[PDB]
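Data file: run.txt. Format and content: compact mmCIF, C-alpha atoms.
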# COMPACT_ATOMS: atom_id res chain seq x y z
CA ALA B 1 151.92 130.94 55.79
CA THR B 2 155.58 130.05 55.51
CA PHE B 3 158.28 132.60 56.13
CA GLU B 4 161.88 131.79 55.35
CA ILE B 5 164.20 134.01 57.33
CA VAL B 6 167.70 134.21 55.83
CA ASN B 7 170.78 135.79 57.41
CA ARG B 8 173.01 137.05 54.54
CA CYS B 9 174.99 139.26 56.97
CA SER B 10 178.60 138.42 57.72
CA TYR B 11 177.74 138.42 61.43
CA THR B 12 175.41 136.28 63.55
CA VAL B 13 171.94 137.60 64.21
CA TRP B 14 169.24 136.31 66.46
CA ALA B 15 166.00 136.44 64.52
CA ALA B 16 162.76 137.14 66.36
CA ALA B 17 159.11 136.74 65.39
CA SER B 18 156.20 137.94 67.54
CA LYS B 19 152.69 139.41 67.35
CA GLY B 20 153.30 141.40 70.57
CA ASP B 21 151.35 139.19 73.00
CA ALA B 22 152.75 135.83 71.76
CA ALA B 23 155.62 134.26 69.88
CA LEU B 24 155.19 133.35 66.26
CA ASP B 25 156.47 129.79 65.82
CA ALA B 26 159.42 129.32 68.21
CA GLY B 27 159.70 133.12 68.57
CA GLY B 28 163.47 133.35 68.05
CA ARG B 29 166.59 131.54 66.90
CA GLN B 30 170.27 132.15 66.27
CA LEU B 31 171.18 132.49 62.60
CA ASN B 32 174.84 132.28 61.72
CA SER B 33 175.96 133.88 58.47
CA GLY B 34 174.18 132.11 55.64
CA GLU B 35 171.66 130.18 57.77
CA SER B 36 167.94 130.01 56.93
CA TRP B 37 165.11 129.45 59.42
CA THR B 38 161.63 128.48 58.14
CA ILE B 39 158.66 129.37 60.33
CA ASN B 40 154.97 128.79 60.05
CA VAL B 41 152.65 131.67 60.85
CA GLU B 42 148.97 130.96 61.49
CA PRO B 43 146.59 132.37 58.84
CA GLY B 44 144.73 135.42 60.04
CA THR B 45 147.70 136.69 62.07
CA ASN B 46 147.32 140.44 62.54
CA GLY B 47 150.18 142.64 63.61
CA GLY B 48 153.08 140.22 63.24
CA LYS B 49 156.67 141.46 63.16
CA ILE B 50 160.03 139.91 62.35
CA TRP B 51 163.31 141.55 63.30
CA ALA B 52 166.96 140.82 63.90
CA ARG B 53 168.78 141.20 67.19
CA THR B 54 172.54 141.80 67.41
CA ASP B 55 175.25 141.06 69.93
CA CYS B 56 173.26 138.63 72.08
CA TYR B 57 174.36 136.38 74.94
CA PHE B 58 172.06 133.62 76.08
CA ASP B 59 172.55 130.95 78.72
CA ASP B 60 171.29 127.37 78.59
CA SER B 61 167.73 128.34 79.64
CA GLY B 62 167.37 130.83 76.72
CA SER B 63 167.81 133.87 79.00
CA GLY B 64 170.21 136.68 78.31
CA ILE B 65 170.59 140.07 76.66
CA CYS B 66 171.03 141.57 73.18
CA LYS B 67 172.35 145.03 72.24
CA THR B 68 169.56 145.68 69.71
CA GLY B 69 166.02 144.33 69.65
CA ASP B 70 166.09 142.57 73.03
CA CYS B 71 162.66 141.13 73.90
CA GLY B 72 162.77 141.00 77.71
CA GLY B 73 165.96 138.92 77.82
CA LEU B 74 164.51 135.87 76.04
CA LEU B 75 165.88 133.91 73.08
CA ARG B 76 162.34 132.94 72.17
CA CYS B 77 160.50 136.26 71.98
CA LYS B 78 156.88 136.60 73.19
CA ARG B 79 156.90 140.39 72.97
CA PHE B 80 158.33 143.07 70.67
CA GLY B 81 161.91 144.09 70.91
CA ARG B 82 163.68 147.16 72.23
CA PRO B 83 164.59 149.73 69.55
CA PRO B 84 166.50 150.20 67.41
CA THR B 85 164.95 147.49 65.20
CA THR B 86 164.32 147.46 61.48
CA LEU B 87 160.87 145.81 61.27
CA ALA B 88 159.22 143.49 58.80
CA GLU B 89 155.49 143.88 59.52
CA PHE B 90 152.59 141.83 58.31
CA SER B 91 148.90 141.19 58.65
CA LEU B 92 147.67 138.00 56.96
CA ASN B 93 144.28 137.03 55.48
CA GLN B 94 142.61 140.34 56.14
CA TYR B 95 139.47 140.22 54.01
CA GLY B 96 141.22 138.13 51.35
CA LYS B 97 144.49 140.09 51.31
CA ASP B 98 147.86 140.10 53.02
CA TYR B 99 149.58 143.38 53.92
CA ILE B 100 153.36 143.70 54.28
CA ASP B 101 155.71 146.60 54.96
CA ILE B 102 159.09 147.51 56.32
CA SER B 103 159.20 150.14 59.03
CA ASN B 104 161.88 152.40 60.49
CA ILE B 105 159.44 153.89 63.05
CA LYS B 106 161.37 152.02 65.81
CA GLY B 107 164.72 152.79 64.23
CA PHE B 108 167.11 150.70 62.20
CA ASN B 109 169.64 148.06 63.15
CA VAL B 110 170.10 145.63 60.24
CA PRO B 111 169.30 146.08 56.53
CA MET B 112 166.41 143.96 55.29
CA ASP B 113 164.52 142.73 52.25
CA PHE B 114 160.97 141.45 52.69
CA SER B 115 159.64 139.73 49.58
CA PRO B 116 156.93 137.21 48.68
CA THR B 117 158.06 133.80 47.45
CA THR B 118 154.65 133.29 45.77
CA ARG B 119 153.10 135.26 42.90
CA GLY B 120 151.16 138.50 42.72
CA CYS B 121 152.96 141.39 44.52
CA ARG B 122 156.35 143.08 44.92
CA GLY B 123 158.78 143.03 47.81
CA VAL B 124 160.19 145.96 49.74
CA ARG B 125 163.70 146.69 50.94
CA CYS B 126 165.67 148.99 53.19
CA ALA B 127 169.33 148.25 52.57
CA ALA B 128 171.10 151.59 52.84
CA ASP B 129 173.82 152.23 55.41
CA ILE B 130 171.57 153.96 57.88
CA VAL B 131 173.86 153.13 60.84
CA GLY B 132 176.92 154.62 59.15
CA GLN B 133 175.07 157.81 58.24
CA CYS B 134 172.93 158.09 61.41
CA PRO B 135 172.63 161.62 62.89
CA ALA B 136 174.75 161.95 65.99
CA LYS B 137 171.81 162.43 68.39
CA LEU B 138 170.11 159.23 67.12
CA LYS B 139 173.10 156.90 67.25
CA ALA B 140 172.63 154.05 69.75
CA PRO B 141 175.83 153.10 71.66
CA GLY B 142 174.95 149.41 71.48
CA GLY B 143 174.62 149.69 67.73
CA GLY B 144 171.95 150.97 65.41
CA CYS B 145 170.16 154.21 64.68
CA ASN B 146 167.25 155.11 66.94
CA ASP B 147 164.09 156.83 65.84
CA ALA B 148 163.44 160.27 67.25
CA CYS B 149 160.40 159.18 69.30
CA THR B 150 162.51 156.68 71.24
CA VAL B 151 165.20 159.28 71.86
CA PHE B 152 163.25 162.49 72.62
CA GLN B 153 159.76 161.30 73.69
CA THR B 154 157.84 164.29 72.29
CA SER B 155 154.27 164.40 71.02
CA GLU B 156 155.56 165.45 67.61
CA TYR B 157 158.00 162.58 67.06
CA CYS B 158 155.74 159.96 68.62
CA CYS B 159 152.58 161.33 66.96
CA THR B 160 150.75 161.01 70.24
CA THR B 161 147.86 163.36 69.37
CA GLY B 162 147.43 161.65 65.99
CA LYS B 163 148.54 164.85 64.31
CA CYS B 164 152.17 165.15 63.49
CA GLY B 165 154.31 165.99 60.47
CA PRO B 166 157.60 164.76 59.04
CA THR B 167 160.68 165.97 60.91
CA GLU B 168 164.37 166.42 60.19
CA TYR B 169 164.89 162.99 61.73
CA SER B 170 162.08 161.17 59.88
CA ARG B 171 163.33 162.68 56.59
CA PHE B 172 166.76 161.15 57.22
CA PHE B 173 165.30 157.64 57.31
CA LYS B 174 163.02 158.43 54.34
CA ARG B 175 165.86 159.75 52.17
CA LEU B 176 167.87 156.56 52.65
CA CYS B 177 164.89 154.15 52.55
CA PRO B 178 161.90 155.57 50.72
CA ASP B 179 160.02 152.29 50.74
CA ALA B 180 159.93 152.05 54.58
CA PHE B 181 157.71 153.89 57.06
CA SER B 182 159.71 156.81 58.54
CA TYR B 183 157.13 158.15 61.03
CA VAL B 184 153.65 157.17 62.19
CA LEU B 185 151.68 159.23 59.59
CA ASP B 186 154.04 158.67 56.68
CA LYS B 187 152.35 158.08 53.35
CA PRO B 188 151.90 154.25 53.50
CA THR B 189 154.40 152.01 51.78
CA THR B 190 152.33 148.92 52.53
CA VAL B 191 152.17 146.28 49.79
CA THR B 192 148.99 144.34 49.18
CA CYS B 193 149.60 140.69 48.35
CA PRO B 194 147.16 137.82 47.73
CA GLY B 195 145.79 136.22 50.88
CA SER B 196 147.88 133.25 52.01
CA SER B 197 151.10 134.29 50.27
CA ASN B 198 154.46 133.00 51.52
CA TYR B 199 157.47 135.19 52.16
CA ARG B 200 161.22 135.50 52.69
CA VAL B 201 162.90 137.98 54.99
CA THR B 202 166.59 138.44 54.15
CA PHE B 203 168.93 140.27 56.51
CA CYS B 204 171.76 142.11 54.70
CA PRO B 205 170.30 141.51 51.23
CA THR B 206 173.09 143.32 49.40
Exercise: express the given structure as structure tokens:
Amino acid sequence: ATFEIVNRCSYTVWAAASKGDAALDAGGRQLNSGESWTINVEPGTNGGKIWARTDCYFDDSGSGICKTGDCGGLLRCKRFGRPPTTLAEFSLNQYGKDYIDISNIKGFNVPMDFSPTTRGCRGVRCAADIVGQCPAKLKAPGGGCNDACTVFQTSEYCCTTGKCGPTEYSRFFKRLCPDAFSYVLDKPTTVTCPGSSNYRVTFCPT
């Protein structure tokens, strides 16, 4: 499957793509404002994520640090990034179907649209100013708006027992972005697309 990753933000982002134990494609790249990066993701990939990282410094070897979404100091991510990260999540060719969603379960850093470029399903978006409106206790100094599990590490926010409810913090994310997951047991906002669809992830869509 082809994913085109587009930075429409006015600032540079460092895109990342991983399935948690491996990079997808090159795993990461700098995207200046307006740049597009096309990756190929193997069919059958389960549990893939794409995110943006902000305020990164990398040396010649591809080693460094980012203020949001750092993936163990690497330009080319092999693992998932440090919150806060708005996530585009996908599982491809799962019994004939692809499944896509946007999640705020690991917080929010950059607004995102995640849409198919082929026929037969809808896209999803979270483009509200979550950072500007972020509750004081969830604001990350480096930038972004953390989820409550990251910040407080309770069973309730992290849904550790597999029973949890919505919270004042999850409802914040859900009010601003209804079409994104706000906590682990949120009513799913997954979209079912035809197997082997292609997609575009746009940072700062509006």
What is the distance, in Å and to one decimal place, between atom CA of residue B:127 and atom CA of residue B:149?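 So the answer is 21.9 Å.
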Write out as a ChimeraX atom specification each polymer residue whose atoms come within 7 Å of residue B:99, counting all atoms listed in the file; drop sequence neighbours fewer than 3 positions from it. /B:90-92,190-193
With a distance cut-off of 10 Å and only C-alpha atoms, select the neighbouring residues of residue B:70, excluding the residue or stretch itself and same-chain residues fewer than 3 positions from it, and output the selection as a ChimeraX atom specification. /B:14,16,52-56,64-67,73-75,77,79-85
Can you pull out the residues contacting residue B:93? Cut-off 12 Å, using only C-alpha atoms, and skip same-chain residues under 3 positions away; I want them as number ranges by chain. B: 1, 41-47, 90, 96-100, 192-198
Residues just named, written with C-alpha atoms as a short mmCIF file (atom, residue, chain, number, x, y, z; two decimals), in the frame of the given file:
data_model
loop_
_atom_site.label_atom_id
_atom_site.label_comp_id
_atom_site.auth_asym_id
_atom_site.auth_seq_id
_atom_site.Cartn_x
_atom_site.Cartn_y
_atom_site.Cartn_z
CA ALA B 1 151.92 130.94 55.79
CA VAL B 41 152.65 131.67 60.85
CA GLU B 42 148.97 130.96 61.49
CA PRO B 43 146.59 132.37 58.84
CA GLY B 44 144.73 135.42 60.04
CA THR B 45 147.70 136.69 62.07
CA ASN B 46 147.32 140.44 62.54
CA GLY B 47 150.18 142.64 63.61
CA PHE B 90 152.59 141.83 58.31
CA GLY B 96 141.22 138.13 51.35
CA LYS B 97 144.49 140.09 51.31
CA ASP B 98 147.86 140.10 53.02
CA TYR B 99 149.58 143.38 53.92
CA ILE B 100 153.36 143.70 54.28
CA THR B 192 148.99 144.34 49.18
CA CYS B 193 149.60 140.69 48.35
CA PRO B 194 147.16 137.82 47.73
CA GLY B 195 145.79 136.22 50.88
CA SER B 196 147.88 133.25 52.01
CA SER B 197 151.10 134.29 50.27
CA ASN B 198 154.46 133.00 51.52
#
Could you check which of B:12, B:161, B:189, B:7 is closest to residue B:123, using all atoms listed in the file? B:189
Here atom CA of residue B:158 and atom CA of residue B:69 stand apart by 18.7 Å
Check the smallest atom-to-atom distance from each of B:6, B:50, B:184, B:31 to residue B:18 using all atoms listed in the file, then report the winner. B:50
By how many Å are atom CA of residue B:143 and atom CA of residue B:104 apart?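 It comes out at 14.9 Å.
The neighbours of residue B:125 here are the residues that come within 8 Å of it, using all atoms listed in the file and leaving out any residue fewer than 3 positions away in the same chain; they are residues 102, 111, 112, 113, 114, 177, 179 and 180 of chain B.
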Among the residues B:185, B:3, B:63, B:142, the one that comes closest to residue B:162 [using only C-alpha atoms]: B:185
Show which residues sit within 12 Å of residue B:174, as a PyMOL selection string. Count all atoms listed in the file, and ignore same-chain residues fewer than 4 positions away. chain B and resi 102-105+107-108+126+128+130+147+166-170+178-183+186-189
Store the residues of this selection in a file with C-alpha atoms, as a compact mmCIF listing (two decimals), keeping the file's coordinate frame.
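So selection-v1.txt came out as:
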# COMPACT_ATOMS: atom_id res chain seq x y z
CA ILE B 102 159.09 147.51 56.32
CA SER B 103 159.20 150.14 59.03
CA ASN B 104 161.88 152.40 60.49
CA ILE B 105 159.44 153.89 63.05
CA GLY B 107 164.72 152.79 64.23
CA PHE B 108 167.11 150.70 62.20
CA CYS B 126 165.67 148.99 53.19
CA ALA B 128 171.10 151.59 52.84
CA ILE B 130 171.57 153.96 57.88
CA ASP B 147 164.09 156.83 65.84
CA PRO B 166 157.60 164.76 59.04
CA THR B 167 160.68 165.97 60.91
CA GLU B 168 164.37 166.42 60.19
CA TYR B 169 164.89 162.99 61.73
CA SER B 170 162.08 161.17 59.88
CA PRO B 178 161.90 155.57 50.72
CA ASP B 179 160.02 152.29 50.74
CA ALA B 180 159.93 152.05 54.58
CA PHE B 181 157.71 153.89 57.06
CA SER B 182 159.71 156.81 58.54
CA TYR B 183 157.13 158.15 61.03
CA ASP B 186 154.04 158.67 56.68
CA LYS B 187 152.35 158.08 53.35
CA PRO B 188 151.90 154.25 53.50
CA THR B 189 154.40 152.01 51.78
For a quick check of understanding, using all atoms listed in the file, which of B:135, B:72, B:27, B:20 has the smallest distance to residue B:172?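 Of B:135, B:72, B:27, B:20, the one nearest residue B:172 is B:135, counting all atoms listed in the file.
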